[PDB]
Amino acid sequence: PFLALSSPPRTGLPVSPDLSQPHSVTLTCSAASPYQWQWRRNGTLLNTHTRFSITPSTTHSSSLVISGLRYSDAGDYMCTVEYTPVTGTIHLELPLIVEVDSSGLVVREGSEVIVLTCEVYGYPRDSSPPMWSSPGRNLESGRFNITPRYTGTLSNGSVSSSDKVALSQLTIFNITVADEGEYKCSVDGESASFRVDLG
């Protein structure tokens, strides 16, 4: 009887865990019909892990659960079924997403200010500190204040989209039309922007 896989679908597209619950991911491979399963990461056999747990079904399907997900866990995870063996490949990629949020116009001691917060979620890498930039604009001027937000090491874990971590804050003082434009925060090789517009 020919052995085939009904899941996961045959694809080379990247696969990412849902960032609302990014601490764990379950990868399941199932046979088309009613087995022994082997799991590999880049062709290397995965018991000894304690964050990679493999559980068979009550044998037509096998599931690999990765707990304590961190950015370094990204790789090609393959499930091989046998009674020619059939192998399915999951290209598990772990994104880092930057988000720049604005407080809007805020009055501080009679002066209007705007506070932009650089937030991240997903799987931080701790490879590049947050950096603020703005085209045609010197952010080292007196009208701007940059306040880093010192957080714990995030590269060993994950950050849920429901609980975003603020990394830095840029405050613009005495808002005028000349302050309009894009403000970008770049973290860990990723970036996000917010456009200040008084219109």
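A residue's number is simply how far along the shown sequence it sits, counting from 1.
A chain break between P34 and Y35 is present, corresponding to 4 to 9 residues of the deposited sequence without coordinates.
For the two regions 121 to 129 and 98 to 106, the entry's Cα B-factors average higher over 121 to 129. Just going by the entry, 108 to 116 versus 74 to 82 on mean CA temperature factor gives the higher value to 74 to 82. Of the candidates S168, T59, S134, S162, the one whose C-alpha carries the top B factor in the deposited record is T59. Sorting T26, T50, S158, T147 by the CA temperature factor given in the entry leaves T50 at the top. The deposited CA B-factor of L45 belongs to the highest third of values across its chain.
Ranked by Cα temperature factor within the chain, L198 sits in the middle third according to the deposited record. Annotation for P22: C-alpha temperature factor in the lowest third relative to the rest of the modelled chain, per the entry.
When the CA B factors of the chain's modelled residues are split into thirds, the value for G181 lands in the lowest one. Ranked by C-alpha B-factor against the other modelled residues of its chain, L64 falls in the middle third.
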